[PDB]
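Everything below belongs to query.tsv, which stores TSV, C-alpha atoms.
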```tsv
chain	number	residue	atom	x	y	z
A	1	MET	CA	-42.95	296.43	148.72
A	2	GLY	CA	-40.18	298.19	146.88
A	3	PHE	CA	-38.02	295.23	146.44
A	4	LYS	CA	-34.49	296.44	147.30
A	5	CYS	CA	-32.11	295.33	150.10
A	6	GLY	CA	-28.84	297.25	150.34
A	7	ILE	CA	-25.77	295.29	151.40
A	8	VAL	CA	-23.62	297.26	153.76
A	9	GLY	CA	-20.35	296.58	155.54
A	10	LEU	CA	-17.02	297.84	156.90
A	11	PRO	CA	-14.15	297.84	154.45
A	12	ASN	CA	-12.59	294.40	155.11
A	13	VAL	CA	-15.42	292.07	155.95
A	14	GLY	CA	-16.24	289.99	152.89
A	15	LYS	CA	-19.02	292.21	151.67
A	16	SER	CA	-17.27	291.97	148.35
A	17	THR	CA	-16.84	288.18	148.09
A	18	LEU	CA	-20.47	287.89	148.97
A	19	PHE	CA	-21.90	290.42	146.54
A	20	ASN	CA	-19.93	288.77	143.73
A	21	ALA	CA	-21.27	285.36	144.56
A	22	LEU	CA	-24.65	287.18	144.24
A	23	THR	CA	-23.89	288.60	140.78
A	24	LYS	CA	-22.42	285.64	138.94
A	25	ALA	CA	-25.72	283.84	139.38
A	26	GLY	CA	-28.10	286.47	137.96
A	33	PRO	CA	-36.34	277.86	133.16
A	34	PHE	CA	-37.22	280.31	130.40
A	35	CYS	CA	-36.92	283.82	131.85
A	36	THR	CA	-34.37	286.46	130.79
A	37	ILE	CA	-33.84	289.08	133.53
A	38	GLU	CA	-31.28	291.68	132.40
A	39	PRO	CA	-31.56	294.82	134.55
A	40	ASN	CA	-29.51	293.11	137.21
A	41	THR	CA	-27.03	295.26	139.16
A	42	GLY	CA	-28.08	292.82	141.92
A	43	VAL	CA	-31.33	291.19	140.80
A	44	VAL	CA	-31.46	287.44	141.29
A	45	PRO	CA	-34.02	284.64	140.92
A	46	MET	CA	-35.46	283.55	144.25
A	47	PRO	CA	-34.08	280.07	144.91
A	48	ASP	CA	-37.09	278.12	146.05
A	49	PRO	CA	-37.23	274.33	146.21
A	50	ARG	CA	-41.04	274.50	146.41
A	51	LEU	CA	-40.74	275.34	142.63
A	52	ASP	CA	-39.10	272.07	141.62
A	53	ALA	CA	-41.32	270.12	144.01
A	54	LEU	CA	-44.35	271.69	142.30
A	55	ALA	CA	-42.71	271.08	138.89
A	56	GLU	CA	-42.30	267.38	139.72
A	57	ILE	CA	-46.01	266.93	140.24
A	58	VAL	CA	-47.17	269.20	137.45
A	59	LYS	CA	-44.64	268.63	134.66
A	60	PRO	CA	-44.96	272.16	133.29
A	61	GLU	CA	-43.24	273.38	130.10
A	62	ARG	CA	-41.72	276.22	132.05
A	63	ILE	CA	-40.84	277.22	135.56
A	64	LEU	CA	-40.68	280.92	136.43
A	65	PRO	CA	-39.21	281.86	139.78
A	66	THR	CA	-39.65	285.33	141.20
A	67	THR	CA	-36.86	287.80	142.00
A	68	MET	CA	-35.03	289.50	144.85
A	69	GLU	CA	-33.02	292.71	144.28
A	70	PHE	CA	-29.88	293.35	146.27
A	71	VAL	CA	-27.80	296.51	145.97
A	72	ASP	CA	-24.14	296.79	146.84
A	73	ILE	CA	-23.90	300.02	148.80
A	74	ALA	CA	-21.10	302.22	147.29
A	75	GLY	CA	-19.08	304.75	149.28
A	76	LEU	CA	-17.11	305.11	152.50
A	77	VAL	CA	-18.50	304.61	155.94
A	78	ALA	CA	-16.23	306.26	158.44
A	79	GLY	CA	-17.73	309.75	158.38
A	80	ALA	CA	-20.61	309.28	155.94
A	81	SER	CA	-22.76	311.77	157.72
A	82	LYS	CA	-20.32	314.72	157.58
A	83	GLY	CA	-18.92	313.37	154.34
A	84	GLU	CA	-22.05	313.88	152.29
A	85	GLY	CA	-21.46	317.54	151.88
A	86	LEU	CA	-18.17	316.46	150.24
A	87	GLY	CA	-19.84	314.16	147.69
A	88	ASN	CA	-19.83	310.87	149.67
A	89	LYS	CA	-22.79	308.67	148.56
A	90	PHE	CA	-22.92	305.99	151.28
A	91	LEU	CA	-26.08	307.56	152.75
A	92	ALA	CA	-27.89	308.54	149.53
A	93	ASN	CA	-27.24	305.07	148.24
A	94	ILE	CA	-28.82	303.56	151.35
A	95	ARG	CA	-31.76	305.99	150.76
A	96	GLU	CA	-32.71	304.26	147.54
A	97	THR	CA	-33.27	300.96	149.32
A	98	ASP	CA	-35.95	299.39	151.41
A	99	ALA	CA	-33.89	297.43	153.89
A	100	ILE	CA	-30.41	296.75	155.00
A	101	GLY	CA	-28.34	293.58	154.96
A	102	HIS	CA	-25.51	294.36	157.29
A	103	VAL	CA	-22.36	292.28	156.82
A	104	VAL	CA	-20.46	291.62	160.03
A	105	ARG	CA	-16.97	290.12	160.14
A	106	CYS	CA	-17.48	287.11	162.32
A	107	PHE	CA	-13.90	285.77	162.56
A	108	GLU	CA	-10.58	287.07	163.93
A	109	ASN	CA	-8.21	289.61	162.45
A	119	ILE	CA	-12.95	293.57	168.90
A	120	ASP	CA	-16.59	293.23	169.96
A	121	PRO	CA	-18.73	292.89	166.81
A	122	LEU	CA	-20.84	295.68	168.35
A	123	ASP	CA	-18.08	298.27	167.72
A	124	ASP	CA	-18.15	297.32	164.06
A	125	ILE	CA	-21.93	297.43	163.81
A	126	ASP	CA	-21.84	300.72	165.73
A	127	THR	CA	-19.47	302.25	163.20
A	128	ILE	CA	-22.19	302.26	160.53
A	129	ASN	CA	-25.21	302.88	162.84
A	130	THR	CA	-23.61	306.01	164.18
A	131	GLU	CA	-23.49	307.48	160.71
A	132	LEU	CA	-27.14	306.44	159.95
A	133	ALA	CA	-28.37	307.92	163.26
A	134	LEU	CA	-26.35	311.09	162.73
A	135	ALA	CA	-27.93	311.68	159.30
A	136	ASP	CA	-31.40	310.93	160.71
A	137	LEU	CA	-30.72	313.43	163.60
A	138	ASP	CA	-29.90	316.15	161.12
A	139	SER	CA	-33.12	315.42	159.19
A	140	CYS	CA	-35.05	315.26	162.43
A	141	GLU	CA	-33.60	318.61	163.71
A	142	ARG	CA	-34.19	320.37	160.43
A	143	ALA	CA	-37.78	319.06	160.32
A	144	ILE	CA	-38.39	320.17	163.87
A	145	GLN	CA	-37.50	323.79	162.95
A	146	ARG	CA	-39.90	323.87	160.01
A	147	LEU	CA	-42.79	322.05	161.69
A	148	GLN	CA	-42.54	324.20	164.82
A	149	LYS	CA	-43.26	327.38	162.86
A	150	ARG	CA	-46.27	325.75	161.18
A	151	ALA	CA	-47.58	324.56	164.52
A	152	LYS	CA	-47.02	327.92	166.21
A	153	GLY	CA	-49.52	329.16	163.61
A	154	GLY	CA	-52.19	326.65	164.52
A	155	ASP	CA	-51.43	324.03	161.91
A	156	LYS	CA	-52.81	320.73	163.31
A	157	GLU	CA	-51.02	318.27	160.97
A	158	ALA	CA	-47.70	319.93	161.63
A	159	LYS	CA	-48.31	319.58	165.38
A	160	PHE	CA	-48.87	315.93	164.89
A	161	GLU	CA	-45.62	315.25	162.90
A	162	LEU	CA	-43.61	317.47	165.25
A	163	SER	CA	-44.76	315.44	168.18
A	164	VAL	CA	-43.39	312.43	166.38
A	165	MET	CA	-40.11	314.16	165.62
A	166	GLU	CA	-39.97	315.08	169.38
A	167	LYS	CA	-40.29	311.42	170.35
A	168	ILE	CA	-37.53	310.23	168.02
A	169	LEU	CA	-35.16	313.23	168.54
A	170	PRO	CA	-33.66	312.15	171.88
A	171	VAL	CA	-33.42	308.59	170.59
A	172	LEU	CA	-31.31	309.82	167.66
A	173	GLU	CA	-29.21	312.03	169.96
A	174	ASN	CA	-28.00	308.87	171.66
A	175	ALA	CA	-27.20	306.91	168.50
A	176	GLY	CA	-30.44	304.93	168.70
A	177	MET	CA	-32.48	303.47	165.81
A	178	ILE	CA	-35.89	304.89	164.82
A	179	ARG	CA	-36.87	301.28	164.08
A	180	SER	CA	-36.53	300.60	167.83
A	181	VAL	CA	-39.07	303.17	168.86
A	182	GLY	CA	-42.55	301.78	169.33
A	183	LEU	CA	-44.28	304.14	166.92
A	184	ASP	CA	-47.83	303.31	165.92
A	185	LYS	CA	-49.22	303.28	162.39
A	186	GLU	CA	-50.33	306.94	162.37
A	187	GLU	CA	-46.86	307.92	163.64
A	188	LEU	CA	-45.05	305.93	160.90
A	189	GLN	CA	-47.47	307.29	158.37
A	190	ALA	CA	-46.63	310.88	159.29
A	191	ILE	CA	-42.85	310.41	159.02
A	192	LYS	CA	-42.84	308.14	155.91
A	193	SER	CA	-41.77	310.95	153.71
A	194	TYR	CA	-38.49	311.49	155.56
A	195	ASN	CA	-37.24	308.09	154.34
A	196	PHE	CA	-35.31	307.74	157.61
A	197	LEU	CA	-32.30	305.36	157.34
A	198	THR	CA	-32.52	304.01	160.94
A	199	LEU	CA	-36.09	302.94	160.32
A	200	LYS	CA	-35.03	300.59	157.52
A	201	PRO	CA	-35.44	296.99	158.55
A	202	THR	CA	-32.17	295.13	158.88
A	203	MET	CA	-30.74	291.70	159.20
A	204	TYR	CA	-27.14	290.70	160.09
A	205	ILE	CA	-25.28	288.68	157.48
A	206	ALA	CA	-22.65	287.09	159.76
A	207	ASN	CA	-19.67	286.28	157.58
A	208	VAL	CA	-17.51	283.36	158.89
A	209	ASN	CA	-14.72	280.98	157.99
A	210	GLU	CA	-15.45	277.76	156.19
A	211	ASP	CA	-15.11	276.49	159.74
A	212	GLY	CA	-17.02	279.28	161.50
A	213	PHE	CA	-20.54	278.07	162.13
A	214	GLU	CA	-19.64	276.18	165.22
A	215	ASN	CA	-18.27	277.45	168.55
A	216	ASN	CA	-17.77	280.97	167.43
A	217	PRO	CA	-17.56	283.70	170.06
A	218	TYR	CA	-18.06	286.36	167.38
A	219	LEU	CA	-21.12	284.84	165.81
A	220	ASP	CA	-22.54	284.37	169.34
A	221	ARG	CA	-22.00	287.97	170.24
A	222	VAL	CA	-23.73	289.01	167.01
A	223	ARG	CA	-26.64	286.67	167.88
A	224	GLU	CA	-26.61	288.32	171.29
A	225	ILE	CA	-26.88	291.76	169.70
A	226	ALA	CA	-29.62	290.73	167.25
A	227	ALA	CA	-31.78	289.10	169.94
A	228	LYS	CA	-32.21	292.47	171.64
A	229	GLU	CA	-33.77	294.26	168.69
A	230	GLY	CA	-35.65	291.35	167.11
A	231	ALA	CA	-33.13	291.06	164.27
A	232	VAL	CA	-32.47	288.05	161.91
A	233	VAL	CA	-28.92	286.70	161.72
A	234	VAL	CA	-27.81	284.63	158.75
A	235	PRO	CA	-24.32	283.02	158.86
A	236	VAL	CA	-22.52	282.60	155.53
A	237	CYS	CA	-18.89	281.83	154.75
A	238	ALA	CA	-18.17	284.21	151.93
A	239	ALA	CA	-14.96	282.30	151.37
A	240	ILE	CA	-16.78	279.03	151.09
A	241	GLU	CA	-19.56	280.87	149.20
A	242	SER	CA	-17.43	282.67	146.63
A	243	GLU	CA	-15.90	279.36	145.61
A	244	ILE	CA	-19.15	277.64	144.49
A	245	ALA	CA	-19.66	280.66	142.29
A	246	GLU	CA	-16.91	280.45	139.65
A	247	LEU	CA	-17.67	276.82	138.80
A	248	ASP	CA	-19.84	275.66	135.88
A	249	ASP	CA	-23.57	275.58	135.73
A	250	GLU	CA	-23.48	272.20	137.07
A	251	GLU	CA	-19.78	271.40	137.43
A	252	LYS	CA	-20.30	272.07	141.14
A	253	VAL	CA	-22.71	269.45	142.52
A	254	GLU	CA	-19.94	267.26	143.97
A	255	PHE	CA	-18.58	270.33	145.77
A	256	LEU	CA	-21.72	270.58	147.88
A	257	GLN	CA	-22.41	267.36	149.84
A	258	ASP	CA	-19.00	267.66	151.50
A	259	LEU	CA	-20.88	268.94	154.56
A	260	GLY	CA	-24.40	269.60	155.91
A	261	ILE	CA	-25.00	272.61	153.70
A	262	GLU	CA	-27.38	270.95	151.20
A	263	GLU	CA	-27.38	274.11	149.09
A	264	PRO	CA	-25.33	277.25	148.59
A	265	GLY	CA	-25.55	279.04	151.96
A	266	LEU	CA	-26.12	282.08	149.71
A	267	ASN	CA	-29.65	280.90	148.93
A	268	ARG	CA	-30.28	281.45	152.63
A	269	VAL	CA	-29.26	285.09	152.42
A	270	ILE	CA	-31.39	285.65	149.36
A	271	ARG	CA	-34.41	284.16	151.17
A	272	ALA	CA	-33.61	285.93	154.41
A	273	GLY	CA	-33.61	289.27	152.59
A	274	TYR	CA	-36.81	288.52	150.73
A	275	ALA	CA	-38.39	287.97	154.14
A	276	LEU	CA	-36.73	291.11	155.52
A	277	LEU	CA	-38.51	293.17	152.90
A	278	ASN	CA	-41.69	291.47	154.05
A	279	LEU	CA	-42.27	289.52	150.89
A	280	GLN	CA	-44.06	286.16	150.49
A	281	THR	CA	-44.53	283.88	147.48
A	282	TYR	CA	-47.69	282.35	146.14
A	283	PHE	CA	-47.76	280.04	143.14
A	284	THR	CA	-49.79	279.36	140.06
A	285	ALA	CA	-49.37	275.91	138.50
A	286	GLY	CA	-50.62	274.37	135.25
A	287	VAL	CA	-49.39	272.28	132.29
A	288	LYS	CA	-47.85	275.39	130.70
A	289	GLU	CA	-46.10	276.75	133.75
A	290	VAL	CA	-45.26	276.88	137.39
A	291	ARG	CA	-44.71	280.41	138.58
A	292	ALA	CA	-43.78	282.07	141.83
A	293	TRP	CA	-45.55	285.34	142.46
A	294	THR	CA	-44.42	287.99	145.04
A	295	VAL	CA	-46.82	289.92	147.35
A	296	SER	CA	-46.31	291.55	150.70
A	297	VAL	CA	-47.09	289.50	153.77
A	298	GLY	CA	-50.77	289.98	154.67
A	299	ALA	CA	-52.11	290.75	151.19
A	300	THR	CA	-55.67	289.67	150.54
A	301	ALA	CA	-56.41	287.55	147.41
A	302	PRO	CA	-57.59	290.53	145.40
A	303	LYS	CA	-54.35	292.37	146.16
A	304	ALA	CA	-52.46	289.19	145.38
A	305	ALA	CA	-54.44	288.79	142.20
A	306	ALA	CA	-53.97	292.33	140.96
A	307	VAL	CA	-50.27	291.45	140.65
A	308	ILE	CA	-51.26	289.24	137.68
A	309	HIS	CA	-53.79	291.66	136.08
A	310	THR	CA	-54.95	295.17	137.11
A	311	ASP	CA	-58.67	294.55	136.56
A	312	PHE	CA	-58.66	292.01	139.42
A	313	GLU	CA	-58.88	294.94	141.86
A	314	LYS	CA	-62.52	295.51	140.86
A	315	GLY	CA	-63.15	292.36	138.78
A	316	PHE	CA	-62.24	289.72	141.36
A	317	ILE	CA	-64.83	287.11	142.16
A	318	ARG	CA	-63.00	284.34	143.97
A	319	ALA	CA	-59.68	282.70	144.56
A	320	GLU	CA	-59.38	278.92	144.15
A	321	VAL	CA	-56.78	278.03	146.66
A	322	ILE	CA	-54.88	274.95	147.75
A	323	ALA	CA	-52.46	275.01	150.71
A	324	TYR	CA	-48.95	274.30	149.59
A	325	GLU	CA	-48.89	271.21	151.83
A	326	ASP	CA	-52.02	269.79	150.22
A	327	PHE	CA	-50.93	270.44	146.62
A	328	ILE	CA	-47.86	268.31	147.32
A	329	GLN	CA	-49.63	265.57	149.27
A	330	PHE	CA	-52.50	265.03	146.86
A	331	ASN	CA	-50.39	265.36	143.74
A	332	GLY	CA	-51.86	268.37	142.01
A	333	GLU	CA	-55.17	270.13	141.56
A	334	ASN	CA	-57.42	267.08	140.87
A	335	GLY	CA	-55.93	265.21	143.77
A	336	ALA	CA	-56.66	268.03	146.18
A	337	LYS	CA	-60.12	268.64	144.82
A	338	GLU	CA	-60.77	264.89	145.26
A	339	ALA	CA	-59.56	265.16	148.88
A	340	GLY	CA	-61.60	268.32	149.20
A	341	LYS	CA	-58.64	270.69	149.89
A	342	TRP	CA	-59.65	273.07	147.13
A	343	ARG	CA	-61.36	276.12	148.62
A	344	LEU	CA	-63.27	279.00	147.20
A	345	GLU	CA	-61.95	282.03	149.10
A	346	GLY	CA	-63.12	285.58	148.92
A	347	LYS	CA	-62.28	289.26	149.07
A	348	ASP	CA	-60.86	289.16	152.63
A	349	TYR	CA	-58.94	285.89	152.44
A	350	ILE	CA	-55.36	286.49	153.58
A	351	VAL	CA	-52.92	284.86	151.24
A	352	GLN	CA	-50.70	282.28	152.94
A	353	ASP	CA	-47.09	281.59	152.06
A	354	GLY	CA	-46.94	279.16	149.19
A	355	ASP	CA	-50.68	278.95	148.50
A	356	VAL	CA	-51.32	277.50	145.00
A	357	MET	CA	-53.89	279.92	143.60
A	358	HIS	CA	-56.15	280.37	140.55
A	359	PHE	CA	-58.19	283.61	140.40
A	360	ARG	CA	-61.65	283.99	138.74
A	361	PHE	CA	-63.26	286.97	137.11
A	362	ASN	CA	-66.04	284.82	135.56
A	363	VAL	CA	-68.55	282.46	137.09
```

Representation of the structure as structure tokens:
Amino acid sequence: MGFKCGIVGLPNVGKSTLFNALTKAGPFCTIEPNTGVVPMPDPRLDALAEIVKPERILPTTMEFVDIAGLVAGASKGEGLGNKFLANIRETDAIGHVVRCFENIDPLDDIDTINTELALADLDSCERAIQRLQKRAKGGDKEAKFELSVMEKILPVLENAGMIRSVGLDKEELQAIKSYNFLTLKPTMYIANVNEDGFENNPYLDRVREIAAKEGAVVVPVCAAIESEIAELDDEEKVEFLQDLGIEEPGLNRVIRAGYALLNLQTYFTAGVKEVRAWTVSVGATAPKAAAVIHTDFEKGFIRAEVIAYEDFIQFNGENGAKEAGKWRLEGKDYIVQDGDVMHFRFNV
């Protein structure tokens, strides 16, 4: 959708251990514009590879961005050259690291940052109201429509609330898109714990408590335990894992949780030459999905040949599934499903 999640956090909370784990680890694809770009870790790839035996395997990517600058008075601070807020502006969602062990209600911590986001949005909202008012006083119908949206979010921002928590409809969103409001960015909590934190943890519970209220995802990592795995060899690490019920780097969970947060889904193409993960927004039709591969699919699309991920696996590839009849022709309004194995036609 834009493809950036910004990692934010209070000064002593592991943001750093976590974003370095993420940077270390960034088949035959060379991605090298990577101030936080990583390959999506997706075990569907290898599972597909096992059936298909492709020469190459091409995951997709997730971009994370480590938000520079100081938090404590970001809103006032910006006039002084603080970039916390502008940095957040260049992203599409927010992964919000919360210290979830001792050395204080987690809410106070989370509030420290949300205050500064709401305060900046308030200032935007107030300044907009002044301009849009004078347009509307002059009969300007669009400006009356935006203003009325401003006037719904204003008192929410006055009270440190999030624009994302206001039930605005699509027309309403559409009209305020251009403000690039910070408190409208989707967010998930990255609850950072001790290598022994997952368990009976009053902190982590209170964060889950807080998230439940606003529909938010919470993803526990131990950035301690996570930063370890990260300065071992390619493979000189396997034996490190098993030692508990984490079957993979708990980091892979944060990568996938942020890919979701940006509303992204994967579909796959699979053949003897390659298995590739392809990114589209949730709810894309096949033609939108397809246009990701080539731009003439927009107009040129004829059909999608589609197998549900679960069938491709079960029936061992495309001739299996065909045999079992799980190989569908789908059309212009088919809504791509997570992990569909697709082949697109622009000829018979």

Subject >> Distance in Å - atom CA of residue A:282 versus atom CA of residue A:306 >> reply: 12.9 Å

Original post:
With only C-alpha atoms as the atoms that count, which of A:128, A:239, A:227, A:356 lies nearest to residue A:78?
Top reply: A:128

Would you give me, as a Markdown table, each residue of stretch 289-325 of chain A having an atom within 12 Å of an atom of stretch 21-35 of chain A, along with its shortest atom pair and that distance in Å to one decimal, using only C-alpha atoms and sorting by chain and residue number?
```
| residue | atom | partner | partner_atom | distance |
| --- | --- | --- | --- | --- |
| A:289 | CA | A:33 | CA | 9.8 |
| A:290 | CA | A:33 | CA | 9.9 |
| A:291 | CA | A:33 | CA | 10.3 |
```

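Take atom CA of residue A:320 and atom CA of residue A:277: the distance between them is 26.7 Å.
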
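A straight line drawn from atom CA of residue A:346 to atom CA of residue A:307 is 16.4 Å long.
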
Enumerate, in order of chain and increasing residue number, the residues of stretch 207-272 of chain A with an atom no farther than 12 Å from stretch 55-74 of chain A, each with its shortest atom pair and distance in Å to one decimal, counting only C-alpha atoms, as JSON lines.
```
{"residue": "A:267", "atom": "CA", "partner": "A:68", "partner_atom": "CA", "distance": 10.9}
{"residue": "A:269", "atom": "CA", "partner": "A:70", "partner_atom": "CA", "distance": 10.3}
{"residue": "A:270", "atom": "CA", "partner": "A:68", "partner_atom": "CA", "distance": 7.0}
{"residue": "A:271", "atom": "CA", "partner": "A:68", "partner_atom": "CA", "distance": 8.3}
{"residue": "A:272", "atom": "CA", "partner": "A:68", "partner_atom": "CA", "distance": 10.3}
```

Original post:
Of the residues A:294, A:280, A:12, A:310, which is the one nearest to residue A:107, using only C-alpha atoms?
Top reply: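 Between A:294, A:280, A:12, A:310, the residue approaching residue A:107 most closely is A:12.
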
**OP:** Please identify all polymer residues within 12 Å of residue A:309, counting all atoms listed in the file, omitting same-chain residues fewer than 5 positions from it, and present them as a list in words.
**Re:**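 That gives residues 302, 303, 304, 314, 315, 316, 359, 360 and 361 of chain A.
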
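Proximity to residue A:145 was assessed for A:323, A:301, A:158, A:119 counting all atoms listed in the file; the smallest distance is recorded for A:158.
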
Original post:
Smallest atom-to-atom distance to residue A:322: which of A:160, A:293, A:218, A:283, using only C-alpha atoms?
Top reply: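 Closest candidate: A:283.
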
Original post:
Which residues come within 10 Å of residue A:174, counting all atoms listed in the file, excluding same-chain residues fewer than 3 positions away, as a PyMOL selection string?
Top reply: chain A and resi 130+133-134+137+169-171+177

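For residue A:324, the list of residues within 12 Å, based on only C-alpha atoms and with local chain neighbours fewer than 3 positions off taken out, reads residues 50, 51, 53, 54, 281, 282, 283, 284, 285, 321, 327, 328, 329, 330, 331, 332, 333, 336, 341, 342, 351, 352, 353, 354, 355, 356 and 357 of chain A.
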
Original post:
Out of A:236, A:164, A:175, A:181, which residue has the shortest atom-to-atom distance to residue A:105 when counting all atoms listed in the file?
Top reply: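 Ranking A:236, A:164, A:175, A:181 by distance to residue A:105, first place goes to A:236.
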
If you take every atom of stretch 87-101 of chain A that the file lists and fit an axis-aligned box around them with 3 Å extra on each side, what centre and edge lengths come out in Å to one decimal, as AutoDock Vina command-line options?
```
--center_x -27.9 --center_y 303.9 --center_z 151.3 --size_x 22.1 --size_y 26.6 --size_z 13.5
```

Original post:
For residue A:100, which of A:207, A:217, A:197, A:212 is the closest residue, counting all atoms listed in the file?
Top reply: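 For residue A:100, the nearest of the candidates is A:197.
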
Tell me, as an mmCIF file with C-alpha atoms, keeping the file's coordinate frame, which residues lie within 12 Å of residue A:146, counting only C-alpha atoms; anything in the same chain fewer than 2 positions away does not count.
```cif
data_model
loop_
_atom_site.group_PDB
_atom_site.id
_atom_site.type_symbol
_atom_site.label_atom_id
_atom_site.label_comp_id
_atom_site.auth_asym_id
_atom_site.auth_seq_id
_atom_site.Cartn_x
_atom_site.Cartn_y
_atom_site.Cartn_z
ATOM 1 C CA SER A 139 -33.120 315.420 159.190
ATOM 2 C CA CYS A 140 -35.050 315.260 162.430
ATOM 3 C CA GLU A 141 -33.600 318.610 163.710
ATOM 4 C CA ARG A 142 -34.190 320.370 160.430
ATOM 5 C CA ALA A 143 -37.780 319.060 160.320
ATOM 6 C CA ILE A 144 -38.390 320.170 163.870
ATOM 7 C CA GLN A 148 -42.540 324.200 164.820
ATOM 8 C CA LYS A 149 -43.260 327.380 162.860
ATOM 9 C CA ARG A 150 -46.270 325.750 161.180
ATOM 10 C CA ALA A 151 -47.580 324.560 164.520
ATOM 11 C CA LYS A 152 -47.020 327.920 166.210
ATOM 12 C CA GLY A 153 -49.520 329.160 163.610
ATOM 13 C CA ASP A 155 -51.430 324.030 161.910
ATOM 14 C CA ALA A 158 -47.700 319.930 161.630
ATOM 15 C CA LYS A 159 -48.310 319.580 165.380
ATOM 16 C CA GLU A 161 -45.620 315.250 162.900
ATOM 17 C CA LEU A 162 -43.610 317.470 165.250
ATOM 18 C CA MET A 165 -40.110 314.160 165.620
#
```

**OP:** Can you pull out every residue within 12 Å of residue A:225, counting only C-alpha atoms, but drop anything in the same chain fewer than 2 positions away, and send it as a PyMOL selection string?
**Re:** chain A and resi 104+120-126+203-204+206+218-223+227-233

Quick one: stretch 90-123 of chain A with C-alpha atoms, as a CSV table (one decimal), in the first residue's frame?
```csv
chain,number,residue,atom,x,y,z
A,90,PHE,CA,10.4,12.4,15.4
A,91,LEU,CA,7.2,13.5,13.8
A,92,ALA,CA,8.3,14.2,10.2
A,93,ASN,CA,10.0,10.8,10.3
A,94,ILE,CA,6.7,9.1,11.3
A,95,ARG,CA,5.1,11.1,8.5
A,96,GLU,CA,7.0,9.2,5.9
A,97,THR,CA,5.5,5.9,7.0
A,98,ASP,CA,2.3,4.0,6.6
A,99,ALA,CA,1.9,2.4,10.0
A,100,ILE,CA,3.4,2.3,13.4
A,101,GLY,CA,5.1,-0.6,15.3
A,102,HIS,CA,5.1,0.7,18.9
A,103,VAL,CA,7.7,-1.0,21.1
A,104,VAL,CA,6.5,-1.3,24.8
A,105,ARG,CA,8.9,-2.2,27.6
A,106,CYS,CA,7.1,-5.2,29.0
A,107,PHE,CA,9.4,-6.1,32.0
A,108,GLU,CA,10.4,-4.3,35.2
A,109,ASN,CA,12.9,-1.4,35.7
A,119,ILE,CA,4.6,2.0,35.9
A,120,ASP,CA,1.5,1.1,34.0
A,121,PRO,CA,2.5,0.4,30.3
A,122,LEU,CA,-0.3,2.9,29.4
A,123,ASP,CA,1.8,5.9,30.8
```
